Amino acid sequence: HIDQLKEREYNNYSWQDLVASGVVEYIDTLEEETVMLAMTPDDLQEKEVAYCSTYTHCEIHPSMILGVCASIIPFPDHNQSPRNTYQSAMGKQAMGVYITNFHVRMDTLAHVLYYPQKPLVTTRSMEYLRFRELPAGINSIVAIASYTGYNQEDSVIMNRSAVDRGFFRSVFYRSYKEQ
Amino acid sequence: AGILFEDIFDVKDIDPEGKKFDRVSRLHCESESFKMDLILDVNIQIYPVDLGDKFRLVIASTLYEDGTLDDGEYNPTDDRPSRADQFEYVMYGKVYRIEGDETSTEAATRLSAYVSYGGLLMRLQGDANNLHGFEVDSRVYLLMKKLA
Amino acid sequence: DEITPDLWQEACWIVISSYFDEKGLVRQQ
Amino acid sequence: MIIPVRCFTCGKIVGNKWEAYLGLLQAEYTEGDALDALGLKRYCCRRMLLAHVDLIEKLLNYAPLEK
Amino acid sequence: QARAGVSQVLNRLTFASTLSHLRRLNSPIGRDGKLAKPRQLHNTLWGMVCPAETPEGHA
Amino acid sequence: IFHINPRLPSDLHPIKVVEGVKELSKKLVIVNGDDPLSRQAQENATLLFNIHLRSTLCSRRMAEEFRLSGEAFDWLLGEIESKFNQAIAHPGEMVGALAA
Amino acid sequence: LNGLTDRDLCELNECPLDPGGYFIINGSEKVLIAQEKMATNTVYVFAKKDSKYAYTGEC
Amino acid sequence: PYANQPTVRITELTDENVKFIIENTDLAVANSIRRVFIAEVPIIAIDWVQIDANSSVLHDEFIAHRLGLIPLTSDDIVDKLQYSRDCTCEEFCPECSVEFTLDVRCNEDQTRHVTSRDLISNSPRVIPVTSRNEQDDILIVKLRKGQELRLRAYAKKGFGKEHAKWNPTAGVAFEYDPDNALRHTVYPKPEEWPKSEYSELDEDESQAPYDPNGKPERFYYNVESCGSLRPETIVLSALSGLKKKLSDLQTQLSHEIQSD
Amino acid sequence: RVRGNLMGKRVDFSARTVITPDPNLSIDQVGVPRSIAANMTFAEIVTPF
Amino acid sequence: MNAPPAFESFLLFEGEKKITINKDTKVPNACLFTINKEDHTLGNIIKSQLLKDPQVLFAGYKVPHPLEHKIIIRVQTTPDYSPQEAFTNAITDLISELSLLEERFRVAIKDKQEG
Amino acid sequence: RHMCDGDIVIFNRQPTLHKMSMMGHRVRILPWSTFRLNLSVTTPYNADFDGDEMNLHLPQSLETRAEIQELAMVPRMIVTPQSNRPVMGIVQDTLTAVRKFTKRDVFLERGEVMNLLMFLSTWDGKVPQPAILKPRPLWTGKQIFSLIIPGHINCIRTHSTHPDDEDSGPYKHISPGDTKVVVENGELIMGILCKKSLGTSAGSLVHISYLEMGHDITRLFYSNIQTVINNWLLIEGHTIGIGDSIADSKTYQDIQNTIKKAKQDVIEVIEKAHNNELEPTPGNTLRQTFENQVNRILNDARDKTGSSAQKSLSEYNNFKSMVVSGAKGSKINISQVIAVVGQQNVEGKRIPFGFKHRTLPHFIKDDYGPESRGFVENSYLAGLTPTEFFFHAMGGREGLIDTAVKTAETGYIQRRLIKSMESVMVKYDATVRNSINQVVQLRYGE
Amino acid sequence: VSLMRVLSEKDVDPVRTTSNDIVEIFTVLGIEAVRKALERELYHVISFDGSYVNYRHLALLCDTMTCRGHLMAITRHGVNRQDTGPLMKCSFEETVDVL
Amino acid sequence: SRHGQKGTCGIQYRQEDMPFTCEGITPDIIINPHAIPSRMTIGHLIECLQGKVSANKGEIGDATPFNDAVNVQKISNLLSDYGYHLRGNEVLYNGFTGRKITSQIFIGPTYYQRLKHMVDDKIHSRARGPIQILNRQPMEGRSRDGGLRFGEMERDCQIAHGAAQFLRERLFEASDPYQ
RNA sequence: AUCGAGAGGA
Ligand SMILES: [Mg+2]
Ligand SMILES: [Zn+2]
Ligand SMILES: [Zn+2]
């Protein structure tokens, strides 16, 4: 199956063929009550004490529990969970390029970042969110240091000479209408 | 002459509770002559001391060879003769405690003078007759030189 | 033809990629 | 959108290196070896090429307003 | 009398904001409702609803 | 302030301690007036402080423990008087809004 | 826009990456938010601590 | 009571960088020299732009920002030009500015790259660094068929303290006490730390023994140029400029003393 | 009216903006931007002093 | 909005004095030198050269506020000497050091360019 | 005229919970569009700089100016009548740095001291005799901090790491760890300073300064602490990184052994319950005795693994540095980063069976064991497994709900209290009376 | 709770035995008892986490709640039943009905 | 920062004033270490370390959650091959004085986001602007030159101050003086 | 301009 999926662009073998082959099944919450889930195929292996020997299904990848905005977070399993919730809010407030055809649009408010970068550290879910193609930020060299005290209590010091070179520069468009 | 206490000490231990600080170490020493017990924090980064070193300790009310008071102000340009030139390590501090074994009816036989050299502490204890020069809130100089 | 643990990490992301190539993100709308 | 002229962190010119970078990834250099062939020795300059997204190529898919 | 907020202006601030707005789900409990129970993360959301993405206000 | 040497006998007579503390207590007034209602309410309003004052500033502790001199004790009495008067509540203080 | 290629969408000044899934009313882009409701045709039994019925079964 | 007699030893010299050691100076002098390389060596850069046509996909301030960052060859001309504040002209003249023009229209199905080669200057000694006779030209913008860019620009003397476009460096490496004999840095686990390239320690020794008498006395520089100036001209300009700042201060000080 | 316009109300001679740290102010100072200070006024009485 | 023009960090305003000398009244032989439109680049070298003078008892500088563009240099001397004289001598020493470093760098460049 | 330097303004952050939420400030005009605050006043405002806005009010007359100056200026607000203690204190970098600065083995060269003395606004201009003279003149950090301390105040405190036996063994007055703080005649004789000595607790140095000296002298004390310590920190530095979250292999092995033991103990208690060998303790249903015992085992395991993590840290560890200063964090945060995040609770109980007899379809039915019911056995550096992740999200959601829901009830209580007491006042006869002039108290307090 | 019955039991200590219900205290032991019990209960709530509030604030709240001889609630049913004037009452609750 | 670490820019320093590594890298942003320990956003530190490896190696680092093949020790070991300290610290030099900083500083590439919240959209001030028709008090909001609300809690605060004249000014003379 | 709704900040 994987070897057929790896040439999906040539053989026209698809996700639909994978469901039609009886390999993948759609399961609802009410049917999950009756299902026995392996978190990975490593749960299917023989073990020195067997927790369960009668699994019915396996997860594809555990990270699919996340939604769009939470999927942008790298290493979210190493954060206290409210901080993942706050990122899931603030990622919707980040400037980027919001859509490619923005030049024809007359949105009342629009922010466009000059130099979006894709992140150097990415989840694999970010491929499907097109974040690689409409990114909303810049990879910044960050030092974690006290220095002169102007960064205390959730504040940051920026390099003015980087800002002169266009770091985090943006354009703001406001549209007016009259008849 | 302004000298309050002079004796020769042998380093019996160093940091016996372990290394509490990296650049400072606590000596435990005993006099040979007056049988005083000394505890002394030393900046061993600039003046290293080894177990069983022998040194001469002077405590003085002034560095000047003639009797003259100290205003406690750092003048590096003062060219008066100074006993600091006979010694290798010199500290400045104030006496903050004098404990003793005195009772309600008897004077102390033993005294324990405590000095802070900017937070480097010293306790010198022994027979009271050797410590009568120490007074609380007096400024004092420690002068120390190793003996071969 | 069992997928061994060394192949599993590429295999499951091939599967997920095939899903998103088919369905996309607003399929339910 | 388009490659920055300068590395934000140190001011090295990188705005002449993007088309060469693409012409080294074609011909099967690794991204590391491509950056090293371009002389991008500091990670702050490498960050600029490795993380760039050339969205101007998409903006050029739209016809101009004036012919 | 009609239930409000079923249609909203599509958020366009950034592409993630657009995608997430198209995938939004609402529980019509009412923003002022003080009962914690329907706001808790229920176990059965596993794989159905994102555990992290919720607005930290009254909603 | 007065460079008290703890290791020497003091010049402070213990009767000056007894009298000074009696006289100080008369200057720490919370309820004014000579009538027995005022006098009782004054005694009540300052009872715990006067117990603390008498027990802290007693002749035996002044001799054995604190070893203050006469000039230092004379200073201490004025200090206590001044700091007590500065602790009394000012009329117009909106103490309800403060408590809320 | 259905079935159009990226080139056709660009010729129409549309964005290939735009997901759709929204309406245009008076020029404003409007998204519908999914509304949770209790499932129909199912017997649920509930109880409450302070009412005149011990148990209620609703369909 | 008096001056140091510092010594210099150049270890590498190229068109791109100069590596050198200063020895028998104070750390404050070494740092102020490092700072002057960044902030106070003047070069020529575009600072006034007028756009006659811009049908590109980038807005005019984006184009102007990019033009300001293009490095211009400055070596012998920047010492001659006045600042526009000191110059007597009403706005611009050859004594305080260099004029540039660009005029590109795309007429072809292939995408036209607009580059620092399309900038044409009125002064033959002040040209874009990439245009000097390899490294490619800096990309300004890409034009689709029928898009046009046409502009006129003036370049002015300035220094990096005013804007980073006038910074001539592309990195200043600076180091002292490579083996931590002064213990100005203190490592919790010295064996974890990689050796400096200037280390003289054998590979079994993590750091030198503590020196209670030493102070910083030898400083290693790598000054890399953005190309507007030769690296050695960056260094010599910085030494001249710092000396001038001190002489100007002494002139004002001596007036202030005479006024008292 | 009572809570909304009498026990509290909107006021002239007031300003609002983001706060930021400044370790170089004393505890009793506030750093104010120049546009705010130019917009707000105080009516000083004219005297020979 | 309230952006200061970037040249305000190094250009004097009309009537702004470059340097002002005030006596420190609390100890003898001491002055504050207030220098406008200068930063750590001059403050740190002047302070460090003053500390090389054995007749200087105190030398220090501060930038009072990083959005302001002035430095204060405090100097105290022995009573046979003057803080104005110390400050003048320090600047002369720095100028001589930089002139020697410049000439030696020109020589090192010439040697490197042709062996 | 336009507002200018030294104008008096009321500065306010909403919600205005108490009298320190509106205070009088002197205007300083600065470039750029923000208001700017000193960092000590962030505590009484409950302010931080993550995007907060504050409100400025300019009093329009000489009378309201004099009233704000004489009543409400920040220096006069340093001590609160709510709790007879300072409302503002040293915080963040200044507190971590002042802890480091007052260590016994901090030594300053002549030029560094003369730099620091530029930031004492109240320095008398005299350079103190260095604690060390002959090999090289060096000043200690305690010696320079002593010049910051105002007047001749006297204060005993303990540093946060002071042993509990040291006050009774030998060396009581010559603390080996430098953990006894004595300030005497205005000089810091000994001791490391932390939140115990410079924080908002009663009997701190800032409290004693406010009681012994003016508000004005104490205002200068807070200012000089911040400026001097922040300029030393440009030398000393402070950071945090991955290297502070890592323990040694011995610590990880002892943690893993303790977890494995706790899990075996839970299996044993489960077997005793299944066999009905488990006997109900009095007043509790068997289910509640089982829950009590499993929660006891897993809390003991979390405490022991945390202690094992805490004792592994070197004095260079930056989490330890921020915890012992009290500037930020706690021993539990260290324990969770390094050792074990621990049990996740909802409504004070282990994770409920939201699926039929299951927490998730990944477990078997009736699994009362630790992993099933939401014991996270990993640390935040190891990273959570998917079920641990989802249970930790269930836990954090409850804190977000409580943060959003508690506020209406508490604010309504605050309103009702004010409206009940707003006109109660001390009268000129020193009785406390309401608006109808009825006696509430014959003397305030009593 | 049934304080009056329990106090009269043969081995119950009648000096120390107490409720946490303040209305029971007021009914059985009277207004000064509930003045002391209300202070105890508020102190217990405030101090449970180790927080400290100066006694005079608690004392003044409890005196406000008890100076009329009956338990006055911090609610419209208490505050707006005092002899305070109608404009004071209308600033709290029941604004129009008060007037 | 993607990890719930938000803040406002407190000051900007030019490149000569920022701290620098021995090779002349200065941070683009300095963030305070006190942001980390109570937030426990360790994913931020791992992102920084992984990004430093990523930028040196020239590979986009995988930060997908629940990947047992990636851990902090493996990232540290990879970093040690590029000549950096394995935990991401570097020796920084003070920009003002040039002295080495005693503590080594954690430094590396971290993805940062500009949020739509900018100060010039929020700054506001009023003196004697327009008033509402009905109540004649100041307008509401920036966009109307409105006045800030001095509310009931502010009233209660000034009562507790005893500031009767200022309370009179704010609740009468500065709002709706009438006869 | 008002009223209503929705989305956000601390
Ligand atoms: Mg905030
Ligand atoms: Zn770079
Ligand atoms: Zn000209």
Side-chain angles (χ1 to χ4, degrees), chain A residues 69 82 85-95 107-109 111 153-155, chain E residues 1-14 16-18 20-28 30-32 53-59, chain G residues 22 25-26 28-33 35, chain I residues 4 16-21, chain K residues 11-17 21 34-35 37 42-55 400 403-404 407 411, chain M residues 4-8 113-124 130-137 139-146 148-149 151 153:
Chain A
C69 302
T85 292
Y86 303 156
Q87 176 53 21
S88 304
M90 289 185 284
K92 300 194 293 277
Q93 292 173 88
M95 301 184 187
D107 297 306
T108 301
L109 303 176
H111 302 278
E153 285 299 339
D154 309 322
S155 187
Chain E
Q1 299 192 339
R3 56 189 159 163
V6 181
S7 178
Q8 306 188 6
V9 182
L10 178 64
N11 197 345
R12 284 289 194 184
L13 198 87
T14 182
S17 75
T18 304
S20 56
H21 202 178
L22 291 154
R23 302 184 106 240
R24 200 71 51 80
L25 318 172
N26 179 65
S27 200
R31 299 293 191 251
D32 64 349
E53 193 175 0
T54 192
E56 66 266 51
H58 56 76
Chain G
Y22 57 89
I25 284 64
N26 299 331
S28 190
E29 295 175 323
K30 296 288 160 68
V31 59
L32 292 182
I33 312 302
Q35 304 299 313
Chain I
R16 185 175 178 109
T17 186
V18 175
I19 54 159
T20 43
Chain K
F11 206 59
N12 171 42
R13 186 173 163 294
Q14 291 108 358
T16 310
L17 300 184
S21 303
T34 57
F35 290 139
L37 286 184
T42 63
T43 296
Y45 289 122
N46 193 35
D48 53 36
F49 310 110
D50 67 9
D52 298 23
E53 295 163 350
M54 287 187 62
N55 317 269
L400 298 176
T403 301
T407 59
Chain M
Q5 303 285 8
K6 43 173 177 191
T8 58
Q113 309 192 278
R114 188 170 191 194
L115 307 186
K116 58 164 286 184
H117 302 290
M118 291 169 285
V119 65
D120 290 345
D121 296 317
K122 281 170 160 52
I123 187 171
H124 189 49
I131 58 169
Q132 303 175 41
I133 296 168
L134 176 61
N135 58 53
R136 298 192 182 178
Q137 295 165 352
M139 292 290 291
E140 174 161 295
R142 295 187 69 257
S143 53
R144 285 78 64 157
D145 303 339
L148 288 308
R149 185 173 166 79
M153 300 187 79

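Naming: A, B, ... by sequence-line order, numbering from 1 per chain.
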Requested in this report: Considering only NZ, NE, NH1 and NH2 on the basic side and carboxylate oxygens on the acidic side, decide whether M/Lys6 and A/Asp154 come within less than 4.0 Å.
Outcome: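 Answer for the salt bridge query: no.
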Of the nucleotides [options], which has the atom closest to the [X] side chain?
X: E/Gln8; options: N/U2, N/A7, N/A10; result: N/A7
X: E/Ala4; options: N/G6, N/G9, N/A10; result: N/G6
X: K/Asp48; options: N/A7, N/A10, N/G8; result: N/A10
X: M/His117; options: N/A7, N/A10, N/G8; result: N/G8
X: A/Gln93; options: N/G9, N/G6, N/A10; result: N/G9

Please report the distance, rounded to the nearest Å, between [atom1] in [X] and [atom2] in [N].
X: E/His58; N: N/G9; atom1: NE2; atom2: P; result: 10 Å
X: A/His111; N: N/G8; atom1: NE2; atom2: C1'; result: 12 Å
X: M/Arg144; N: N/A1; atom1: CZ; atom2: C1'; result: 11 Å
X: G/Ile33; N: N/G6; atom1: CD1; atom2: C1'; result: 11 Å
X: M/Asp121; N: N/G8; atom1: CG; atom2: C1'; result: 13 Å
X: M/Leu134; N: N/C3; atom1: CG; atom2: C1'; result: 14 Å
X: G/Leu32; N: N/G6; atom1: CG; atom2: P; result: 16 Å
X: K/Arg13; N: N/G9; atom1: CZ; atom2: P; result: 15 Å

Query raised in the report: Is the backbone N or O of M/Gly146 less than 3.5 Å from a side-chain atom of M/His124, with the two atoms forming a donor-acceptor pair by type?
Result: yes
Heavy atoms only, 4.0 Å cut-off, all strands: where does [X] land among base, sugar-phosphate and nothing?
X: E/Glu56; value: sugar-phosphate
X: E/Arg31; value: sugar-phosphate
X: K/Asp50; value: sugar-phosphate
X: G/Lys30; value: nothing

Report task. Map M/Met139 and K/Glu53 onto RNA chain N by nearest heavy atom, then report which one ends up closer to the 5' terminus. Result ->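 Its nucleotide being nearer the 5' end, the pick is M/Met139.
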Requested in this report: Between M/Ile133 and E/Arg24, name the one whose nearest nucleotide on RNA chain N is closer to the 5' end.
Outcome: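 On the 5' side of the pair lies M/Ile133.
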Requested in this report: Show the numbers, then the answer: is there a side chain to side chain contact (heavy atoms under 4.5 Å, CB included) between K/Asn12 and K/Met54?
Outcome: CA-CA 6 Å; K/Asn12 171 42; K/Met54 287 187 62; 5.8 Å; no
Requested in this report: Kindly confirm or rule out a cation-pi arrangement of G/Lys30 over G/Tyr22, judged by NZ or CZ under 6.0 Å from the six-membered ring centre and within 45° of its axis?
Outcome: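 Not flagged: G/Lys30 not positioned over aromatic ring of G/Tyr22.
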Query raised in the report: If only side-chain N and O atoms of M/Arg142 are considered, is one of them under 4.0 Å from the OP1 or OP2 phosphate oxygen of N/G9?
Result: no
Query raised in the report: Given N/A7, is OP1 or OP2 found less than 4.0 Å from the side-chain N or O atoms of A/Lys92?
Result: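 No.
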**Report entry** side chain to side chain contact (heavy atoms under 4.5 Å, CB included) between K/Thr403 and E/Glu56, intermediate numbers included
**Finding:** CA-CA 9 Å; K/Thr403 301; E/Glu56 66 266 51; over 6 Å; no
Report task. Just do the side chain to side chain contact (heavy atoms under 4.5 Å, CB included) check on E/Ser17 and E/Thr14 with the steps written out, would you? Result -> CA-CA 5 Å; E/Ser17 75; E/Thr14 182; 3.7 Å; yes
